[PDB]
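Chains B and A, in that order, are what the protein sequence lines are. In this text, residue positions in the first sequence follow the entry's author numbering: the first is 1, and each later residue adds one. In this text, residue positions in the second sequence follow the entry's author numbering: the first is 1, and each later residue adds one. We put the CB at the ideal spot given by N, CA and C, even for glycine. This report refers to the structure that appears directly beneath it.
Number of protein chains: 2
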Amino acid sequence: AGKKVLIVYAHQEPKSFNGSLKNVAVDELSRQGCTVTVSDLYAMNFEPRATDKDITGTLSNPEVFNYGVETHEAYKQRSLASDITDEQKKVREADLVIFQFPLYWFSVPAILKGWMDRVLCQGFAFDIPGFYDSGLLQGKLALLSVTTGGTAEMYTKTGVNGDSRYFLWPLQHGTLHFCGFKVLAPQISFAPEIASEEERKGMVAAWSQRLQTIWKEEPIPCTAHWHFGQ
Amino acid sequence: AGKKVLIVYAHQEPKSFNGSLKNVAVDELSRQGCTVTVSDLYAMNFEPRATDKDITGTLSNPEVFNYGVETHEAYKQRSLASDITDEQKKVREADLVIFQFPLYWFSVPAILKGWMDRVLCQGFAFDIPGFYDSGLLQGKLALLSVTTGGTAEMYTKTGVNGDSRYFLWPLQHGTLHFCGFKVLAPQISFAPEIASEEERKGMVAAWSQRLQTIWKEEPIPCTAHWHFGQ
Ligand SMILES: Cc1cc2nc3c(=O)[nH]c(=O)nc-3n(C[C@H](O)[C@H](O)[C@H](O)COP(=O)(O)OP(=O)(O)OC[C@H]3O[C@@H](n4cnc5c(N)ncnc54)[C@H](O)[C@@H]3O)c2cc1C
Ligand SMILES: Cc1cc2nc3c(=O)[nH]c(=O)nc-3n(C[C@H](O)[C@H](O)[C@H](O)COP(=O)(O)OP(=O)(O)OC[C@H]3O[C@@H](n4cnc5c(N)ncnc54)[C@H](O)[C@@H]3O)c2cc1C
Ligand SMILES: COc1cccc2c(C)cc(=O)[nH]c12
Ligand SMILES: COc1cccc2c(C)cc(=O)[nH]c12
Ligand SMILES: [Zn+2]
Ligand SMILES: [Zn+2]
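Given below as structure tokens:
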């Protein structure tokens with residue numbers, strides 16, 4: 001409906017399976033009348049390193065540099081690098097944030113890890129206190145749309161990779177829940193490089209079709225039990 | 001003696017607590033007669049992004065860029081960027097790789113994420129297929145030395161952060177095990193910033209003491225059961 005979506009997208013190749021998933025999301029959400037923004041990290045050459053270049057003002061302690069202290073202070077003073085504050089404005093206005101990425105080492109590619117490290121700073125995304133259900137991005141929805149090398153069978157409790165939910169923990173809970181997001185169920189598109197033409201088409205359309213009803217979903221309970229069972 | 005250690009270190013500040021932990025590791029291993037090499041990622045301005053610049057000369061398929069494929073072929077045809085192959089030589093020669101970093105979003109800082117993404121390429125670290133135990137770095141030891149913001153109590157199974165072992169899974173299992181490493185128990189230095197001066201000394205001194213008999217240690221069983229089970 002009347003909602004803003006930010007898609008944070010992390011793939012080098014527009015003709016990729018990730019690129020297709022990002023474009024069907026843009027096409028489907030735009031069809032519904034949503035306001036849609038994409039941060040295409042590699043095309044923006046997004047800086048992933050957390051450095052002292054991310055602060056442009058007088059440092060709180062120029063003798064011993066502490067990235068988290070300095071960026072928290074910079075956020076309050078408005079002295080963060082503008083690439084960071086550009087992304088913060090997108091996130092502040094968004095009702096839903098979708099992350100579209102290939103799994104790299106059971107996690108996000110580094111360029112996207114750098115977006116989380118630098119954009120989700122203290123004062124903007126959380127405060128101490130003001131995290132988990134009290135995070136500063138409360139009200140907002142987030143969803144991981146992930147592609148894998150490994151097959152769905154590999155990513156089971158007794159498969160070699162363990163259950164797919166296990167590698168979701170640091171991203172869903174440690175990052176998105178910590179910032180206050182409600183987490184929608186992940187979209188995992190398994191092993192598209194191995195899959196047939198028709199399985200690949202089906203995976204694209206399953207995503208497109210789920211997006212038709214995304215505003216009707218409830219978030220997951222983003223708890224240890226959900227991720228690990230027991 | 002004779003062992004080679006590589007320390008891959010990811011902190012911006014030489015006077016940091018991470019910096020102190022890296023420096024006692026160098027002091028202690030050097031005292032024992034070990035060959036020691038440090039990759040100081042921030043001081044190297046190490047590139048974290050996985051891009052086509054990682055291949056020199058010409059591409060295996062310059063119409064559709066697939067990073068895994070292109071870097072696999074580059075590795076085989078000795079055509080990877082020299083920042084990558086410089087790291088790979090350090091890893092190839094090392095008996096033990098220590099990673100020293102502050103926890104960022106239940107994981108490694110993006111600069112060290114990019115080291116894993118770009119250094120541990122197919123053909124070097126693992127083959128498809130050719131992993132976990134068919135994994136090309138077998139024989140090597142790896143150890144995560146992590147500092148946290150949250151206290152040990154926060155990091156228990158019913159604490160807000162969940163168990164420490166839960167965030168360890170993508171690094172120890174999805175990355176280090178997958179590559180063939182035997183994984184030594186993690187060194188976790190919980191919450192240095194909230195001091196005291198004496199307890200901080202204590203944590204530096206336990207790390208130094210542990211490194212005294214590091215070569216006597218048995219690896220962990222790097223299993224779903226160790227990370228999640230009872
Ligand atoms: C550094 C690194 C670390 C990795 N770590 C892991 C890991 O820990 N665990 C794991 O499982 N995997 C891992 N992988 C594998 C990685 O997750 C997969 O290679 C990636 O998820 C595949 O997605 P893709 O977009 O690149 O696929 P592509 O190679 O782009 O897609 C496969 C095929 O789909 C085709 N296609 C594109 N669009 C469409 C469409 N509209 N309809 C039909 N077909 C289409 C493409 O043309 C291509 O033929 C790793 C890879 C790298 C490089
Ligand atoms: C982007 C980001 C994401 C984060 N995500 C998480 C997360 O997911 N989970 C989490 O728990 N935390 C997280 N943190 C917090 C982070 O892990 C801690 O801030 C960090 O681990 C502190 O380690 P440090 O080396 O920077 O401590 P420092 O601030 O460098 O130092 C601690 C104290 O020890 C002093 N010191 C240095 N050397 C010695 C010495 N030899 N003896 C005694 N004292 C010494 C220092 O001067 C300082 O006073 C995050 C931080 C950031 C910026
Ligand atoms: C290309 O596929 C891959 C590349 C790198 C790592 C993995 C892991 C850790 C599991 C998996 O199933 N596939 C992988
Ligand atoms: C400054 O401390 C922190 C910064 C950013 C994230 C965390 C998380 C996820 C848990 C925690 O205990 N502390 C954190
Ligand atoms: Zn959660
Ligand atoms: Zn394992």
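When the five nearest sequence neighbours on each side are left out, the beta carbons in the same chain lying within less than 8 angstroms of the beta carbon of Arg200 (chain B) are those of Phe17 and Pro192, in order along the chain.
The beta carbon of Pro48 (chain A) sits closer than 7 angstroms to some beta carbon of chain B. The beta carbon of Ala185 (chain B) sits closer than 6 angstroms to those of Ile220, all from its chain and outside the five residues before and after it, given in chain order.
Here the alpha carbons of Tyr75 (chain A) and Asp127 (chain B) stand approximately 44 angstroms from one another. Taking a Cβ-Cβ cut-off of 9 angstroms, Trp215 (chain A) has no neighbours in chain B, whose nearest Cβ is about 27 angstroms from it.
With fewer than 16 other CB atoms across the displayed protein chains lying within 10 angstroms of its CB, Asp133 (chain A) is exposed.
Scanning A:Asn45, A:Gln212, A:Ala50 and A:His177 for the CA closest to the CA of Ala10 (chain A) turns up A:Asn45. Each residue's CA atom was taken as its position, placing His225 (chain A) and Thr151 (chain B) some 21 angstroms apart.
Cα atoms of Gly114 (chain A) and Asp27 (chain B): separation of roughly 31 angstroms, rounded to the nearest angstrom. In the structure shown, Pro170 (chain B) adopts helical secondary structure according to DSSP, grouped into three states. Of the candidates A:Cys222, A:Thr51 and A:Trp105, A:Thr51 places its Cα closest to the Cα of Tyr67 (chain A).
Of the heavy atoms belonging to ligand 2, none sits nearer than 6 angstroms to the Cβ of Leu136 (chain B). At least one heavy atom of ligand 5 is found less than 6 angstroms from the C-beta of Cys222 (chain B). Per the DSSP secondary-structure output, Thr147 (chain B) pairs in a beta bridge with B:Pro102 and B:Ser189. The closest heavy atom of ligand 6 lies less than 6 angstroms from the beta carbon of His177 (chain A). Cβ-Cβ distances below 7 angstroms link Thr156 (chain B) to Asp163 in the same chain, with the five nearest sequence neighbours on each side left out; the list follows chain order. Take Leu176 (chain B), set aside five residues on each side of it, and the residues of its chain with a beta-carbon closer than 7 angstroms to its own are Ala142 and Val183, in chain order. Nearest C-alpha to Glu47 (chain A) among A:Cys34, A:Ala110 and A:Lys15: A:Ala110. Distance from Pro170 (chain A) to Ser145 (chain B) at the Cβ level is roughly 18 angstroms; contact not present, criterion being Cβ atoms closer than 8 angstroms. Contact with chain A is found for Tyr166 (chain B), since one of that chain's Cβ atoms lies less than 7 angstroms from the residue's Cβ. Closer than 6 angstroms to some heavy atom of ligand 1: that does not describe the Cβ of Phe124 (chain B). In this structure, the alpha-carbon of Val204 (chain A) lies about 13 angstroms from that of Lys15 (chain A). Collapsing the DSSP output to three states places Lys4 (chain A) in a strand. By the rule that beta-carbons nearer than 7 angstroms mark a contact, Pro170 (chain A) touches chain B. Here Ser60 (chain B) is near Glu73 (chain B), since their CB atoms are less than 7 angstroms apart.
Proximity of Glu70 (chain B) to chain A, defined by a Cβ-Cβ separation below 7 angstroms, is not satisfied. Between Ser39 (chain A) and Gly57 (chain A) a beta carbon distance of about 25 angstroms is seen, past the 8 angstroms cut, so the two are scored as non-contacting. B:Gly149 is the residue among B:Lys140, B:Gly149 and B:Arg49 whose C-alpha sits nearest the C-alpha of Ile188 (chain B).
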